[PDB]
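Enquirer: Here's a structure for you.
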Amino acid sequence: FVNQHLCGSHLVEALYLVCXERXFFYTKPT
Amino acid sequence: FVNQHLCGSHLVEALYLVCXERXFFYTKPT
Amino acid sequence: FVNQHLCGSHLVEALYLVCXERXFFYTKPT
Amino acid sequence: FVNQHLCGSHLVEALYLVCXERXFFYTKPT
Amino acid sequence: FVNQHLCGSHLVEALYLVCXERXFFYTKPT
Amino acid sequence: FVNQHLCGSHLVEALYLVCXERXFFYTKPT
Amino acid sequence: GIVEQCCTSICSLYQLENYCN
Amino acid sequence: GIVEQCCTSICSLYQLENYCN
Amino acid sequence: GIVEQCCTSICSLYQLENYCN
Amino acid sequence: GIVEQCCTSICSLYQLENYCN
Amino acid sequence: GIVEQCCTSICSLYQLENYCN
Amino acid sequence: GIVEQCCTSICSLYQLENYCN
Ligand SMILES: [Cl-]
Ligand SMILES: [Cl-]
Ligand SMILES: [Zn+2]
Ligand SMILES: [Zn+2]
């Protein structure tokens, strides 16, 4: 699960780079 | 000029750690 | 293993963000 | 100074990778 | 100043998100 | 699995910080 | 969600665009 | 916005939290 | 170590504040 | 080149593929 | 390549240094 | 401090080592 937490950080950064202007809304899993 | 772009990348990472389960909405057009 | 090495880098950034002024001390496991 | 704050984030990461087992110390000079 | 250096550490991540399956090589004074 | 994909993100960043002026080459194919 | 899909299976930039805006 | 206030001046843990949904 | 305590299980910000100077 | 360009003004993902191995 | 060697086990500063110029 | 010395001018890998334990 700590794998899940590490992944998150990467996802948040990747999404940011991909979307830029549009940006997103993020939500943590159970 | 890319200052804000570079900073945004840090902010989304900082908020991922801060907001934990709560998550967040993020956008460029400050 | 690697993930320990990789998680270590995540702790370092997470510590940078929370220690604020106080700063921090960091020593890797064996 | 976010200039030094943002740069700090990158500095703590570089030390982690360069110091190895020896670890490191990070100070926030007010 | 380290404006280029900071920027470059993010660009690398951006180059990674695109290349992945194909990779890339980097040079400081492009 | 995303383990190696994430590990890649870390490798590209570390080679950037560690190599400085000498830049680097990240290879996967040959 | 995005974590469930992108943390078990790699999500290229093209897949990641689905969770934008 | 957030950039205007956290990129021109450091935001602490407390200020950042203001943006959690 | 912080690895054993914070990589095995997740550590909150309030727990990481333990490793601050 | 790409660096100065992408650090002076924000670059679109698509242009970066020209640099993949 | 660099993934096979440095993601199966940790590469030291020296090992990574081999990918520089 | 590292900041003054390293955010002013890019710090060499060995100049960064003067900050290792
Ligand atoms: Cl990771
Ligand atoms: Cl930056
Ligand atoms: Zn990671
Ligand atoms: Zn940065």
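Letters for chains follow the order of the structure tokens (A, B, ...), residue numbers begin at 1 for each chain, and ligand numbers begin at 1 in the order shown.
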How would you report the residues lying within 6 Å of ligand 1, as a PyMOL selection string, if you count only C-alpha atoms and all ligand atoms?
Expert: (chain A and resi 6) or (chain C and resi 6-7) or (chain F and resi 6-7)
Enquirer: Selected residues, N, CA and C atoms, written as a CSV table (one decimal), in the first residue's frame, please.
Expert:
```
chain,number,residue,atom,x,y,z
A,6,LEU,N,3.5,6.2,-2.9
A,6,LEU,CA,4.6,6.6,-3.7
A,6,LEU,C,4.0,6.9,-5.1
C,6,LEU,N,14.0,4.3,-3.2
C,6,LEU,CA,13.0,5.2,-3.8
C,6,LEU,C,12.1,5.9,-2.8
C,7,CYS,N,11.7,5.1,-1.8
C,7,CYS,CA,10.8,5.7,-0.7
C,7,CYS,C,11.7,6.7,0.0
F,6,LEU,N,8.1,3.8,-12.4
F,6,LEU,CA,8.3,4.8,-11.4
F,6,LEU,C,9.9,4.9,-11.1
F,7,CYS,N,10.5,3.8,-11.0
F,7,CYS,CA,12.0,3.8,-10.8
F,7,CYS,C,12.7,4.5,-11.9
```
Enquirer: Which residues are near ligand 3 in this structure, taking near to mean any atom at most 12 Å from a ligand atom and counting only C-alpha atoms and all ligand atoms? Format them as a ChimeraX atom specification.
Expert: /A:2-14 /B:13 /C:2-14 /D:13 /E:13 /F:2-14 /G:7 /I:7 /K:7
Enquirer: Emit the selected residues as a short mmCIF file (atom, residue, chain, number, x, y, z; two decimals), in the first residue's frame, including N, CA and C atoms.
Expert:
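Output file selection.cif is given in full below:
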```cif
data_model
loop_
_atom_site.label_atom_id
_atom_site.label_comp_id
_atom_site.auth_asym_id
_atom_site.auth_seq_id
_atom_site.Cartn_x
_atom_site.Cartn_y
_atom_site.Cartn_z
N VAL A 2 2.04 1.18 0.64
CA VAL A 2 2.94 2.33 0.67
C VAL A 2 3.38 2.55 -0.77
N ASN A 3 3.20 1.51 -1.57
CA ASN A 3 3.52 1.58 -2.98
C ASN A 3 2.49 2.55 -3.55
N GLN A 4 1.26 2.44 -3.06
CA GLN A 4 0.15 3.28 -3.50
C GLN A 4 0.43 4.76 -3.26
N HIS A 5 0.99 5.04 -2.09
CA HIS A 5 1.31 6.40 -1.71
C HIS A 5 2.41 6.97 -2.60
N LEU A 6 3.45 6.18 -2.85
CA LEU A 6 4.55 6.62 -3.70
C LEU A 6 4.03 6.90 -5.11
N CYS A 7 3.21 5.99 -5.63
CA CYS A 7 2.61 6.14 -6.95
C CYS A 7 1.87 7.47 -7.02
N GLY A 8 1.04 7.75 -6.02
CA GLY A 8 0.28 8.99 -5.99
C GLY A 8 1.14 10.19 -6.36
N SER A 9 2.21 10.42 -5.60
CA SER A 9 3.11 11.53 -5.86
C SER A 9 3.48 11.61 -7.34
N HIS A 10 3.73 10.46 -7.96
CA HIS A 10 4.14 10.48 -9.36
C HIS A 10 2.99 10.85 -10.28
N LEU A 11 1.81 10.33 -9.95
CA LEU A 11 0.58 10.59 -10.70
C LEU A 11 0.27 12.08 -10.68
N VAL A 12 0.27 12.67 -9.49
CA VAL A 12 -0.01 14.08 -9.34
C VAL A 12 0.91 14.94 -10.21
N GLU A 13 2.19 14.56 -10.27
CA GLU A 13 3.16 15.30 -11.06
C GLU A 13 2.95 15.06 -12.56
N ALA A 14 2.74 13.80 -12.94
CA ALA A 14 2.51 13.47 -14.35
C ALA A 14 1.29 14.21 -14.87
N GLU B 13 2.55 18.56 -5.77
CA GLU B 13 3.21 17.53 -4.97
C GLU B 13 3.03 17.83 -3.48
N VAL C 2 15.42 -1.65 -3.89
CA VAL C 2 15.19 -0.38 -4.56
C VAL C 2 14.08 0.49 -3.96
N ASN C 3 12.87 -0.05 -3.81
CA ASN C 3 11.76 0.73 -3.26
C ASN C 3 12.11 1.43 -1.95
N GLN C 4 13.02 0.83 -1.19
CA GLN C 4 13.46 1.44 0.05
C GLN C 4 14.30 2.65 -0.34
N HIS C 5 15.10 2.49 -1.39
CA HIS C 5 15.94 3.58 -1.88
C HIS C 5 15.03 4.69 -2.42
N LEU C 6 14.00 4.28 -3.17
CA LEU C 6 13.05 5.19 -3.78
C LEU C 6 12.13 5.87 -2.77
N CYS C 7 11.68 5.12 -1.77
CA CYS C 7 10.83 5.69 -0.75
C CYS C 7 11.66 6.72 0.03
N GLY C 8 12.94 6.39 0.21
CA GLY C 8 13.86 7.27 0.91
C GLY C 8 13.85 8.66 0.31
N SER C 9 13.86 8.72 -1.02
CA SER C 9 13.83 9.99 -1.73
C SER C 9 12.51 10.72 -1.50
N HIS C 10 11.45 9.96 -1.23
CA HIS C 10 10.15 10.58 -1.01
C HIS C 10 10.07 11.15 0.39
N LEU C 11 10.76 10.51 1.31
CA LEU C 11 10.78 10.96 2.70
C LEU C 11 11.55 12.27 2.74
N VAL C 12 12.67 12.31 2.02
CA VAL C 12 13.53 13.48 1.97
C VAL C 12 12.76 14.72 1.52
N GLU C 13 11.99 14.59 0.45
CA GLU C 13 11.17 15.70 -0.06
C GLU C 13 10.03 16.04 0.93
N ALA C 14 9.41 15.01 1.50
CA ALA C 14 8.32 15.21 2.46
C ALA C 14 8.85 15.91 3.71
N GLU D 13 17.22 16.62 -2.64
CA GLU D 13 17.15 15.43 -3.48
C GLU D 13 18.55 15.08 -3.97
N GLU E 13 11.92 15.17 -16.37
CA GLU E 13 10.73 14.42 -15.99
C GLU E 13 9.68 14.45 -17.10
N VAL F 2 3.87 -0.85 -11.93
CA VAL F 2 4.39 0.44 -12.36
C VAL F 2 5.75 0.65 -11.72
N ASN F 3 6.17 -0.30 -10.89
CA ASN F 3 7.44 -0.22 -10.18
C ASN F 3 8.61 0.30 -11.02
N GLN F 4 8.89 -0.37 -12.12
CA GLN F 4 10.01 0.04 -12.95
C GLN F 4 9.76 1.34 -13.69
N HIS F 5 8.49 1.65 -13.94
CA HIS F 5 8.15 2.89 -14.63
C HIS F 5 8.45 4.04 -13.66
N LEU F 6 8.12 3.83 -12.39
CA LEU F 6 8.34 4.82 -11.37
C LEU F 6 9.85 4.93 -11.10
N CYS F 7 10.53 3.79 -11.05
CA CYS F 7 11.97 3.75 -10.81
C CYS F 7 12.67 4.53 -11.92
N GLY F 8 12.09 4.50 -13.12
CA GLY F 8 12.65 5.22 -14.25
C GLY F 8 12.63 6.72 -14.03
N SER F 9 11.52 7.19 -13.46
CA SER F 9 11.34 8.59 -13.14
C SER F 9 12.47 9.01 -12.21
N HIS F 10 12.77 8.16 -11.23
CA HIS F 10 13.86 8.45 -10.30
C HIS F 10 15.24 8.43 -10.97
N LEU F 11 15.47 7.49 -11.89
CA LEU F 11 16.76 7.40 -12.57
C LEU F 11 17.09 8.62 -13.42
N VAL F 12 16.11 9.07 -14.20
CA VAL F 12 16.29 10.21 -15.08
C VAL F 12 16.64 11.46 -14.25
N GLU F 13 15.95 11.62 -13.12
CA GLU F 13 16.19 12.76 -12.23
C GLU F 13 17.59 12.72 -11.59
N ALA F 14 17.98 11.54 -11.11
CA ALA F 14 19.28 11.36 -10.46
C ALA F 14 20.43 11.56 -11.44
N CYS G 7 -1.87 2.90 -11.15
CA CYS G 7 -0.91 2.42 -10.18
C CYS G 7 -0.79 0.92 -10.16
N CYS I 7 8.22 3.67 5.46
CA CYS I 7 8.11 3.08 4.14
C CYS I 7 7.35 1.76 4.24
N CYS K 7 17.25 -0.81 -11.52
CA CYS K 7 15.90 -0.92 -10.97
C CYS K 7 15.64 -2.31 -10.41
#
```
Enquirer: Give me the residues within 10 Å of residue 29 of chain C as number ranges by chain, counting only C-alpha atoms and dropping any in the same chain fewer than 5 places off.
Expert: C: 4-5, 8; D: 20-23; I: 1-4
Enquirer: Take chain F, lay it over chain B with a least-squares fit on all the Cα atoms in order, then hand it over as a compact mmCIF listing (two decimals) with N, CA, C and O atoms, in the first residue's frame.
Expert:
```
# COMPACT_ATOMS: atom_id res chain seq x y z
N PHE F 1 11.15 32.21 -19.36
CA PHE F 1 11.18 31.83 -17.92
C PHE F 1 10.39 30.55 -17.70
O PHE F 1 9.42 30.28 -18.41
N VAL F 2 10.80 29.77 -16.71
CA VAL F 2 10.14 28.51 -16.38
C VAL F 2 9.85 28.49 -14.89
O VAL F 2 9.25 27.54 -14.38
N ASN F 3 10.27 29.54 -14.19
CA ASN F 3 10.09 29.64 -12.75
C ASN F 3 8.72 29.19 -12.24
O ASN F 3 8.64 28.31 -11.40
N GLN F 4 7.66 29.80 -12.75
CA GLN F 4 6.33 29.45 -12.29
C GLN F 4 5.88 28.08 -12.76
O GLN F 4 5.05 27.43 -12.11
N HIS F 5 6.43 27.62 -13.88
CA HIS F 5 6.08 26.31 -14.40
C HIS F 5 6.68 25.26 -13.45
O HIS F 5 6.06 24.25 -13.12
N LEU F 6 7.90 25.53 -12.99
CA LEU F 6 8.58 24.64 -12.08
C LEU F 6 7.91 24.71 -10.70
O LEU F 6 7.70 23.69 -10.04
N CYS F 7 7.55 25.92 -10.28
CA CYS F 7 6.89 26.12 -9.00
C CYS F 7 5.58 25.34 -8.99
O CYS F 7 5.14 24.86 -7.95
N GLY F 8 4.96 25.23 -10.16
CA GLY F 8 3.71 24.49 -10.28
C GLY F 8 3.90 23.02 -9.98
O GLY F 8 3.06 22.38 -9.35
N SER F 9 5.02 22.48 -10.47
CA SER F 9 5.38 21.09 -10.25
C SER F 9 5.46 20.86 -8.75
O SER F 9 4.98 19.85 -8.24
N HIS F 10 6.06 21.80 -8.04
CA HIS F 10 6.16 21.70 -6.59
C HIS F 10 4.81 21.82 -5.88
O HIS F 10 4.54 21.09 -4.91
N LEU F 11 3.93 22.70 -6.36
CA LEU F 11 2.61 22.88 -5.74
C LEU F 11 1.73 21.63 -5.82
O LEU F 11 1.09 21.23 -4.85
N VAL F 12 1.69 21.04 -7.00
CA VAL F 12 0.87 19.85 -7.23
C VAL F 12 1.33 18.72 -6.31
O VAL F 12 0.51 18.01 -5.72
N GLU F 13 2.65 18.56 -6.17
CA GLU F 13 3.22 17.53 -5.32
C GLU F 13 2.91 17.76 -3.83
O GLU F 13 2.51 16.83 -3.11
N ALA F 14 3.06 19.01 -3.38
CA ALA F 14 2.81 19.37 -1.98
C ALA F 14 1.34 19.22 -1.61
O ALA F 14 1.02 18.78 -0.52
N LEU F 15 0.44 19.59 -2.51
CA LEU F 15 -0.98 19.47 -2.21
C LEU F 15 -1.32 17.99 -2.08
O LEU F 15 -2.20 17.59 -1.30
N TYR F 16 -0.62 17.16 -2.85
CA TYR F 16 -0.87 15.73 -2.81
C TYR F 16 -0.47 15.17 -1.45
O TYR F 16 -1.24 14.46 -0.82
N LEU F 17 0.74 15.50 -1.01
CA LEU F 17 1.26 15.01 0.26
C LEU F 17 0.50 15.53 1.47
O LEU F 17 0.15 14.77 2.37
N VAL F 18 0.26 16.84 1.46
CA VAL F 18 -0.43 17.54 2.55
C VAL F 18 -1.91 17.22 2.74
O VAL F 18 -2.39 17.10 3.88
N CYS F 19 -2.63 17.06 1.63
CA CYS F 19 -4.06 16.79 1.68
C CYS F 19 -4.48 15.34 1.96
O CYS F 19 -5.58 15.10 2.44
N UNK F 20 -3.61 14.38 1.66
CA UNK F 20 -3.87 12.97 1.87
C UNK F 20 -5.22 12.56 1.30
O UNK F 20 -5.51 12.75 0.11
N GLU F 21 -6.06 12.06 2.19
CA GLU F 21 -7.40 11.60 1.85
C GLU F 21 -8.36 12.65 1.28
O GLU F 21 -9.22 12.31 0.47
N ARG F 22 -8.23 13.91 1.70
CA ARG F 22 -9.14 14.96 1.24
C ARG F 22 -8.93 15.48 -0.18
O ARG F 22 -9.69 16.31 -0.67
N UNK F 23 -7.89 14.98 -0.84
CA UNK F 23 -7.54 15.38 -2.19
C UNK F 23 -7.47 16.89 -2.32
O UNK F 23 -7.55 17.65 -1.37
N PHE F 24 -7.36 17.38 -3.55
CA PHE F 24 -7.26 18.82 -3.70
C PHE F 24 -7.69 19.34 -5.05
O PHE F 24 -8.00 18.58 -5.97
N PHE F 25 -7.68 20.66 -5.15
CA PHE F 25 -8.03 21.33 -6.38
C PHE F 25 -6.94 22.35 -6.69
O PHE F 25 -6.59 23.19 -5.86
N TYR F 26 -6.37 22.23 -7.89
CA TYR F 26 -5.32 23.12 -8.37
C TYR F 26 -5.95 23.91 -9.50
O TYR F 26 -6.32 23.34 -10.52
N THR F 27 -6.07 25.22 -9.32
CA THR F 27 -6.69 26.05 -10.34
C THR F 27 -5.80 27.15 -10.90
O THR F 27 -4.96 27.70 -10.20
N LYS F 28 -5.99 27.45 -12.18
CA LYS F 28 -5.26 28.53 -12.85
C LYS F 28 -6.23 29.51 -13.55
O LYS F 28 -6.14 30.73 -13.39
N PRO F 29 -7.20 29.02 -14.27
CA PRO F 29 -8.20 29.86 -15.03
C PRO F 29 -9.13 30.81 -14.23
O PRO F 29 -9.09 32.03 -14.40
N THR F 30 -9.98 30.22 -13.39
CA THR F 30 -10.91 30.97 -12.57
C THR F 30 -11.00 30.30 -11.20
O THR F 30 -10.39 29.23 -11.04
```
Enquirer: With all C-alpha atoms paired in order, what RMSD does the least-squares fit of chain I onto chain K leave?
Expert: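 The C-alpha RMSD comes to 0.5 Å.
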Enquirer: At what distance in Å, to one decimal, does atom CA of residue 17 of chain G lie from atom CA of residue 5 of chain G?
Expert: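 Computing it gives 13.1 Å between the two atoms.
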Enquirer: Atom CA of residue 14 of chain H and atom CA of residue 13 of chain I, how far apart in Å?
Expert: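 Answer for the atom CA of residue 13 of chain I to atom CA of residue 14 of chain H separation: 11.6 Å.
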Enquirer: Please return as a PyMOL selection string: the residues of chain D that backbone DSSP assigns to helix (DSSP H, G or I).
Expert: chain D and resi 2-22
Enquirer: Find the residues in chain L near chain E: any atom within 10 Å counts, using only C-alpha atoms. Write them as a list in words.
Expert: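 Taken together, these residues fit the definition: residues 6, 7, 8, 9, 10 and 11 of chain L.
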Enquirer: With N, CA and C atoms kept, could you save the residues just selected as a CSV table (one decimal), in the first residue's frame?
Expert:
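Wrote it out as selection.csv, contents follow:
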```csv
chain,number,residue,atom,x,y,z
L,6,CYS,N,24.6,27.4,-3.1
L,6,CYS,CA,24.2,26.6,-4.2
L,6,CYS,C,22.9,27.0,-5.0
L,7,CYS,N,22.2,28.0,-4.6
L,7,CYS,CA,21.1,28.4,-5.3
L,7,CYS,C,21.4,29.7,-6.0
L,8,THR,N,22.7,30.2,-5.7
L,8,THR,CA,23.2,31.4,-6.3
L,8,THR,C,23.9,30.9,-7.6
L,9,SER,N,24.8,29.9,-7.5
L,9,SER,CA,25.5,29.3,-8.6
L,9,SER,C,25.3,27.8,-8.5
L,10,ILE,N,25.2,27.1,-9.6
L,10,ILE,CA,25.1,25.7,-9.6
L,10,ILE,C,26.2,25.0,-8.8
L,11,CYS,N,25.9,24.2,-7.9
L,11,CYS,CA,26.9,23.5,-7.1
L,11,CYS,C,27.4,22.2,-7.7
```
